[PDB]
RNA sequence: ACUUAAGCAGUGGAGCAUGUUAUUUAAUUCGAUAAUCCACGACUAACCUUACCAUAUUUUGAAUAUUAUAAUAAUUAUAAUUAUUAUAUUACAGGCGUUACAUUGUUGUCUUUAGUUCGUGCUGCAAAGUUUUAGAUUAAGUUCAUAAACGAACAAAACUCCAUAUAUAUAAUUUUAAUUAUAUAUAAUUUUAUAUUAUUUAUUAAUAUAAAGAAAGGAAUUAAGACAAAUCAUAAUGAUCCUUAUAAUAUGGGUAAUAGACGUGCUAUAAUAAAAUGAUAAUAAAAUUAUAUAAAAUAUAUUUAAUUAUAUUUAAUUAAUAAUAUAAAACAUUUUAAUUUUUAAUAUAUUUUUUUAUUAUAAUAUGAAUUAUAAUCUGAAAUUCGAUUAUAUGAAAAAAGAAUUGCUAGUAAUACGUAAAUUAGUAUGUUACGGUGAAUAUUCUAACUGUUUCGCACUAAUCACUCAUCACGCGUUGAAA
Ligand code: SF4
Ligand SMILES: [Mg+2]
Ligand SMILES: [Mg+2]
Ligand SMILES: [Mg+2]
Ligand SMILES: [Mg+2]
Ligand SMILES: [Mg+2]
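What follows is the structure in C-alpha cells.
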C-alpha cells in the first residue's frame, strides 16, 4: 500500500539505463567500422586510452581520420550518455513545457554528439529553426557526423567554427573549458567568456566533461568564476547573479555559495595526503553497442595492461546555467529579491525553498541498513551534510529513502542531520 | 628480461549446473564506479544457518559493580556476622550501525634484495670518495678475477626437513600388509681416467667416451619500499550514531523470481568409440568410523538367478584386527544407426561365427534436457525450494569460427576411478589419493629493471627555478616653456 511520493518522483533523476538509437548504432557498425580491419582501430584506441590514463589527463582533438574512426568507436558512447543524462536533467528541472529551445549550438571533438542526443531526447518531431554544430578535431569528423545524423529524422549545420553574428538559447559544451594542463585557473575563464557572450536571454548553457578530479576542479572553477560567491556572502538560495546580465545554476548544485568539495589545485589529488579527497562526479550506465562489443577484444583492450558486461558505467561532471530574460520586470524582480528578501541563514537540515531548484543533492551512494538510510548530501545551506532517515521517524519517508540513489534530489526531512565529514581533508591544504 | 611470436595437447556454437550483472520484488542480505578489462567469498542457505522482507513480540537484556527486601547454609547468640540464591537497582550491556569515521596490527599485489649500515684504513683543503670493475663464469648469484682496501653483524648460501637407497633395533610373522611398520644412523652439491674443441691454455669449461655409483626430484626458511582493505569474515582500539530500537525472540517468506548479458564447470554431438557381460573374484593409494559405520542374509521393484535401489536386521570394529570397499579404466567376446558396408528365402562352397549367385531389404539403437504417473531417503517439516528409483517423454546439439587454457613429465590428457571436509539430508564445487600415460621446440616482441654515457642556472629537487608581461601604490633621478 506504501508507494513513492510524487514529490520524491519529481526530485528523482532519470534512472533507466541508456542506449543508442538503433538506427544510429546500426549505421555506425555498418559503415564507420566495417571498412577497417579491427586491429589497427584497436591499436589507435589503445593509444588514446593510454594517453588519457595519466592522472588529471585531458581529452584531445581528433588529428587524423583513423583517430576519427577510433573516437567514434570508443569515446562517442560516453559523450552521448553524458549529454543524454545532463540534457534530461535540464529538461526535467526546467519543466517539459518551458524547455523548447529553437537556436541550438553544440561544441565537441566528436560528431554532433549533443545534436543527436537532443534529437533523441526531444523525439523525431522536434524541428527547430537553427541546429548549428561546430566540429574541431578534423574536417572528416563532419562527414561521419552527417552519416550519424542522416539516420535520425539534414537541417543541422555542421561547421568548423562558431558563427559570430547570432546568439543562442541552447548551448552544449563537451570537454571545451580546458585544453592544456597549464593555465588551469582562468583559461577556463577565457573559454567560458567566449561561449557566454553568445548565449541568448532565457537560454541554457550545459557544460559536461570528464568527471575525474581534474574535471571536478574545472567545473568548480567555472562555477566560481560565473557566480562569484565571495562577492555575495550571506545570500542563501538561488537568485540570478550579475556576472542587464544575470544567470542562475540549475544543477547539480542546489545552492550558489562556495563549493564545499573544491580544492584549488588538481595535483593535490595525486599526493599521498590528498588520496582521501572527494570530488563531485556523477555516474550512469549505458548499453554497449555492437561495434563497441566488437571493438574491446583481444590483448589490446580486453586484457589487463598491468566476466564482462553488456554496458559501461560512465562518470561525468557537469553544470547547467539559465539566463534571465531582459525586461524591466525581470531586472526589478532580481534587484528587489536581493534587497528585501532575507531568506535567512539556511541551517544544517534546511531544505531551502522546498522546490526542485533548492532541494539537497545526493552526491554519494546512500548506505541502506535495516531501519535506516544514511545519505551524504550537498545541501542548499552551502554545506556538506550527512542525513539519516529511520523507520521509527517515519515509514513513508524511510520507504522513499531506501529507493534513493546517487544523483537524486531528496526532497523531504530526516531525523538526524549532521555535518558530513567528506570535506575533512580539505581545510588542511 | 616479464609477457608475447612459434610448436604441441586441448577446450570453444547446444542443454544443464553454478556465479555475477541487469530488471523485477515486500525482501530478492553484503561487495565496484578517477574511461582498456574487472561489484564475482562459499568446506553444502528447506527451518537453523541469516546477515534481508512482513507480522506479532522482549525491554538492565550476555557481563562487571553499587544499594536494598526474600530463602538457603555456616558460625556466634530469636538476633549479629558472613557468604550463596532470587527479585528489583542504574551506570549500562548490546549493535552483521557508519571507512564520505580514522590510526596501528596485519592480509595480500608489484619492485629491489651480492645488497644496507657500522668500524677501522686510505685519497682529496673540504663537501665527499673508497676507486681497477661498467670485469669474467653460469641457464640464473651458481661460480671466479682484480684493485687502498679489509673486516664484523644480519641476508643469501651452506645448513634443515621431505622423498630415495642402505645399516641397527623393535614385532614370540594370528592386529601379518616382514614385499610391511617407525625410531636411530649413513649417503651425493656425485667421484674419477682419458680423447677432441675452446680456454685467462692447466691444477679450466663444452661435450663424448669409459669406471665406481640406487642417487633422479622437492619444500621451507629475511628484511626494505610501494600499492590495494571494511564479507578488515584477517582483528583490535578509538571516533561518531540507536538505546520502545539501527538492540532482542517467534511464525512465515526471501537469498532459487526472468526479457536478457558475460564467466566457471558437467553432459553431449558415434566406430583410433559407446553399450552389455566377464565368482574359486585382473591390479592401488590415501583416508574415515563414540554426535558412527554399517557386513552377510531375507523381501519388493522383478524376472531362474545376476545387477541396481530401497525396505527388514544389526555381524564385527571404535580399529595395522571389522566396515565404508570384489577399485575402474585396462584386457577378452558380442552389439552398435548413418550403411543396399545390413538382414531374409533359395541354392552354394576347401573362407562355414563364413564366401559367392538370383531376387527381396539429414538427430539414429547417439544425446537425455524437459514433461507426466507412482513409489522411496533425510528430517518435526521437501509448497515456495532437496535427493533417489521405476514407467512414459525424447528437445537443442551435425558443417565453419571469434576466442581463449597449459606447457618435461609421472606433468597434460583420461566415457580412469577412490577417499575426506562441510552435512540429519543434497556436489557437475573444493581438497586429497592412486592407475594408464603422450607431444613439441622458443625466428620473434617486449613494458620494465639493472648498470652506464652526456648535460644541468633544479636542491622541499621539472607539478623545479629563472626570465618577461598586466594592474596598485610609494620613492629616486634627468629635462624643462
Ligand atoms: S553539487 Fe555541491 S559538491 Fe558538487 S559541484 Fe555543486 S557545490 Fe560542489
Ligand atoms: Mg527466521
Ligand atoms: Mg532461512
Ligand atoms: Mg558499545
Ligand atoms: Mg543487527
Ligand atoms: Mg539413449
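Residue numbers (the UniProt record's numbering): 61 to 213, 255 to 344, 364 to 426, 442 to 564.
No residue lacks a Cβ here, since even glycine has one placed at the ideal position from N, Cα and C.
Listed by position along the chain, the residues with Cβ atoms less than 5 angstroms from a non-hydrogen atom of ligand 1 are 372, 373, 379, 381, 400, 496 and 513.
Check the Cα spacing between residue 483 and each of 493, 423 and 553: the tightest is with 553. Its chain contains 314 and 397 as the residues whose beta carbon lies nearer than 6 angstroms to that of residue 389, once the 5 sequence neighbours on both sides are disregarded; these appear in chain order.
One alpha carbon belongs to residue 534, the other to residue 166, and they sit about 40 angstroms apart. The beta carbon of residue 74 sits closer than 6 angstroms to the beta carbons of 148 from its chain, once the five residues preceding and following it are set aside; these are given in chain order. In the three-state scheme derived from DSSP, where H, G and I count as helix and E and B as strand, residue 212 is classed as coil. Annotation: the stretch 277 to 331 contains the following complete segments of the beta strand (DSSP E) (minimum length 3 residues), in chain order: 300 to 310.
According to the DSSP assignment, residue 84 belongs to the alpha helix (DSSP H) that extends over 82 to 87. Taking a C-beta distance under 8 angstroms as the contact criterion, residue 381 and residue 511 do not qualify as a contact pair. Residue 192 is bridged by DSSP to 165 and 258. Boundaries of the beta strand (DSSP E) around residue 507: 507 to 513.
Here the stretch 490 to 510 lies against the stretch 527 to 546, with 3 or more beta-carbon pairs under 8 angstroms apart. Taking all protein chains shown into account, residue 507 has 16 or more neighbouring C-beta atoms within 10 Å of its C-beta and is therefore buried. About 5 angstroms separates the beta carbons of residue 146 and residue 453, which is inside the 8 angstroms limit, making them a contact pair. Look at the stretch 87 to 139 and you find these whole runs of alpha helix (DSSP H), each 4 residues long or longer: 98 to 112 and 125 to 134. When secondary structure is reduced to three states using DSSP, residue 408 falls in the coil class, being assigned neither helix nor strand.
The beta carbon of residue 404 is closer than 6 angstroms to those of 141, 145 and 449 in its chain, skipping five residues each way along the sequence.
Residue 391 counts as exposed, since fewer than 16 other beta carbons sit within 10 angstroms of its beta carbon. Per DSSP, residue 66 is one residue of the alpha helix (DSSP H) stretching across 66 to 71. When C-alpha distances from residue 271 are compared across 158, 324, 462 and 394, the shortest belongs to 158.
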